[PDB]
Amino acid sequence: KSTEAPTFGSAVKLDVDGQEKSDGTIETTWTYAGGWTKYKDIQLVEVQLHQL
Amino acid sequence: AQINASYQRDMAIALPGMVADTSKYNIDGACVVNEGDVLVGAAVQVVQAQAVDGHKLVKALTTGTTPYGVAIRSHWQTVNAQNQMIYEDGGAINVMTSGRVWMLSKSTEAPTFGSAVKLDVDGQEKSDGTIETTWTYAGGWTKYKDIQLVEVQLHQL
Amino acid sequence: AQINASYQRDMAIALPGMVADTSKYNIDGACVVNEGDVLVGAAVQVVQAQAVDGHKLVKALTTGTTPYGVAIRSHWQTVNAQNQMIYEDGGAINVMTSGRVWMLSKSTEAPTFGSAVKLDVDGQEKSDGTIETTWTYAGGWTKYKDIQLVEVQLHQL
Amino acid sequence: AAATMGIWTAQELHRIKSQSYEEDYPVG
Amino acid sequence: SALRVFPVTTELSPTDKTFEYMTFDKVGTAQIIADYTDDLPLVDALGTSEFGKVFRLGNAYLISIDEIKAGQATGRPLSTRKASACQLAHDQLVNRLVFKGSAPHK
Amino acid sequence: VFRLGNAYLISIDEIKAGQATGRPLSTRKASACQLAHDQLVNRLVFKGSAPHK
């Protein structure tokens, strides 16, 4: 649900329902990858995951 | 009379900027040299990652920057220059983001096993380098003729 | 229907550092470039003349040195460098001590016929050059694309 | 300062196109 | 319409990385002369050359066993659609390179 | 009536190089001289010379 492009290396923060948000509350150990596009009216973003 | 003689010579262990073992590794294509030349056994910084196209613009490490990966050795992509193998501007790179590689070192003392790696301004391993990384040493410590090499274990950013 | 068309284009008069005419000319061999590179349309200096062998050490003009000759265009001896024709360090050079030749120029005004030729520090013709030379102009004044050329008559030193 | 170059030279992967271009100067 | 409106040649072999082509030129002049001239003009010539490069592209796709079995049993394969998308992506990328170019790759 | 003329030079090494590579220089120089003659004739026809009246 964010509206601005994210930096390359930075921690990913999610909201209370699992969708990425720039000012989200839940903090993860995942990092961004760079992809930032939009399909029709749906906003997408690419992230890099690590094993817990 | 005469006594017959036999000789024996052992080959080297490694060359700069080549993989060490067949452990889990992740090389990355789709990387472009934004500016300058990149040595084979040197660190790499990411200037900018494109959003739509997907290519990542890489550059040689400088002061106050976070390293991303290490270039590796290939007989096809690399250009022969400066009496060695280098990557030229406007060309693809094979950057290693995880695994074990033989890097170039400006150090003079053998390192430990599980200690963090420190790099200097130009992306070569140094005992007291200013730039701090999340990578760890692997144990390998040898040299090729007049070039010093060291083995390092890399992790994904 | 349509009207046919015919066009007409004239070739350039000359190229830098080429023999202008078939008048009495002398070209001296046995000259080796002691240091650096020499442009085709530029003067030279005699560093040393060997007393026993006979070779003459030639070099590009510098401050406060008398010119001796001008290099000559050749498709065999010369080596292509910087998209130009040049003489490299070592090897043999073709310098003419007497005759007419087209030379590189930096002046912007056409010269007179019977006036002395003045050269700059780098061995190229200039209207107000510091170096004074016994050679005199010949009247030729043309321009190839973006290169200005002047015809100069040389005399033996 | 040792030579750690590759195996293949720059002229082993290189092609010279057959065609050559010559400017024309019409007579009149 | 990149390939349709521009010519396509087949000189280069797969293994080459560069190519070169050359041009030539000449200069000269003529003058009115008389008997016992001992003075005639001269001519010369020259040439140059240029270069180029070659690149490579690639993509991929995934599929599972249950999807294959479902596609075979419903008359609507998914592998064909994914392969068609893969080929179309290459064609459009070539068109993008031809008509817009990429700055980082010069 | 009038008369015209020009000339050109070449050495032995250039001749041998031309024969060994298939790019003769003498032919190019001769073509340049002939083209210069034709162009000078055209210039005389269409523009004329003042000093020669």
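Residues numbered from 1 in each chain as written, not as in the entry; some residues may be left out. Chains lettered and ligands numbered in written order. Part of a larger assembly, values for the part shown. Heavy atoms only, no water.

cryo-EM is the method the PDB entry states for this structure, with the resolution given as 3.50 Å.

As named in the PDB entry, chain F is Major capsid protein, taken from Escherichia phage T1. According to its PDB record, this entry is titled "Cryo-EM structure of bacteriophage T1 capsid".

As recorded in the PDB entry, chain E goes by Major capsid protein and comes from Escherichia phage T1.

**Things to note about the overall build of chain F**
The number of helices and strands found in chain F is two helices and one strand. Walking chain F from its N terminus toward its C terminus, one meets helices and strands in the order β-α-α. C-alpha extents for chain F along the principal axes are approximately 50 × 15 × 15 Å. Looking at the 53 residues of chain F, the share that counts as buried comes to 26%. A total of about 3,800 Å² of accessible surface is found on chain F, and carbon and sulfur atoms cover 59% of it. (Helix = DSSP H or I, 4+ residues; strand = E, 2+ residues; numbered from the N terminus. Buried < 20%, exposed > 50% of the residue type's maximum accessible area, 1.4 Å probe, protein only. Areas by Shrake-Rupley, 256 points an atom, 1.4 Å probe, with all protein chains shown as cover.)

**Looking at the sheet that holds strand 3 (residues 38–39) of chain C**
Residues and elements named next belong to chain C. Taken together, the three strands give an open sheet; going across it, the order is 3-8-7, and neighbouring strands pair in antiparallel fashion. In the strand order of this sheet, the two ends are held by strand 3 and strand 7 (79–81), each with one partner. Pairing analysis gives three bridges linking strand 7 to strand 8 (residues 84–87), with the strands arranged antiparallel. Note on strand 8: the bridge partner recorded for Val79 is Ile86. (Pairing = 2+ DSSP bridges.)

**What to know about the packing of aromatic side chains**
As enumerated under the stated definition, the model contains two aromatic pairs over all chains in all. The interplanar angle of 40° and the centroid separation of 6.3 Å between the aromatic rings of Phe6(E) and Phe99(E) together place this pair among those described as tilted. Note that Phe6(E) is positioned in the loop between helix 1 (2–5) and strand 1 (18–27) and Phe99(E) in helix 3 (residues 79–99), a separation of 93 residues in sequence. Residue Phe6(E) is classed as partly exposed on the basis of its relative accessible area of 46%. Here the basic side chain of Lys145(C) rests over the ring of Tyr144(C), its NZ or CZ set 6.0 Å away from the ring centre. (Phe/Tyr/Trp six-rings, centres within 6.5 Å; stacked < 30°, edge-to-face > 60°. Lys NZ or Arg CZ within 6 Å of the ring centre and 35° of its normal.)

**Quick word on the pairing of strand 11 (residues 131–144) of chain C**
Residue and element names in this part refer to chain C. Of the pairings in the sheet, the one linking strand 10 (residues 116–119) to strand 11 comprises four bridges and is antiparallel in character. The partner of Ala116 across the bridge, within strand 11, is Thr136. In terms of strand pairing, strand 11 meets strand 12 (residues 147–154) through six bridges, oriented antiparallel. Residue pairing for strand 12: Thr136 is matched across the bridge by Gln153. What sits between the antiparallel neighbours strand 11 and strand 12 is a turn of two residues, in which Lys145 has the positive phi angle 50°.

**Things to note about the pairing of strand 4 (residues 44–49) of chain C**
Residue and element names in this part refer to chain C. Bridge count between strand 4 and strand 5 (residues 56–60): five bridges; the pairing is antiparallel. Counted as the bridge partner of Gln45 is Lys59 from strand 5. Where strand 4 hands over to strand 5, the hairpin turn is made up of six residues, of which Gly54 adopts a positive phi near 130°.

**Thoughts on the arrangement of the chains**
At the level of C-alpha atoms, the two units chain A and chain F stay apart, their nearest approach being 55 Å. Chain B shows no contact with chain F. Their nearest C-alpha atoms sit 29 Å apart. (Contact = heavy atoms within 4.5 Å.)

**Some points on the interface of chain A and chain B**
With eight residues of chain A at the interface, the matching set in chain B holds eight residues. For the pairing of chain A and chain B, the buried interface totals around 580 Å² over both sides, and the portion due to carbon and sulfur atoms is 66%. Viewed at the interface, chain B and chain A are joined by zero salt bridges. In this structure, the connection of chain A to chain B is made through one residue pair in polar contact. Top element by residues in the side of chain A that touches chain B is strand 2 (residues 26–39) of chain A. It accounts for five residues. By residue class, the composition of the side of chain A that touches chain B is three nonpolar, five polar and no charged. (Buried area = accessible area lost by both parts, 1.4 Å probe. Salt bridge = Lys/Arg side-chain N within 4 Å of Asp/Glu carboxyl O. Polar contact = N/O pair within 3.5 Å; in protein donor to acceptor, adjacent residues only side chain to side chain. Nonpolar A, V, L, I, M, F, W, Y, C, P; charged D, E, K, R; others polar.)

**Focus: the environment of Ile32(E)**
Counting through the fold element by element, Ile32(E) comes out in strand 2 (residues 31–32). Residue classification places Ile32(E) among the partly exposed positions, given a relative accessible area of 29%. Counting along the chain gives 26 residues from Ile32(E) to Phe6(E), while the straight-line C-alpha distance between them is 49 Å. Beyond its immediate stretch of four places on either side in the chain, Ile32(E) contacts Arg3(F), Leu4(F), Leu44(F) and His52(F).

**Comments concerning the side chain of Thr65(B)**
Residue and element names in this part refer to chain B. The residue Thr65 is located in the loop between strand 5 (56–60) and strand 6 (69–71) in this model. Reaching out from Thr65, the side chain makes a polar contact with the side chain of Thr62 at a distance of 3.2 Å. Within the structure, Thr65 has its side chain in polar contact with the backbone oxygen of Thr63 (distance 3.3 Å). Setting aside residues up to four positions removed in sequence, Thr65 forms contacts with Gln45 and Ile131.

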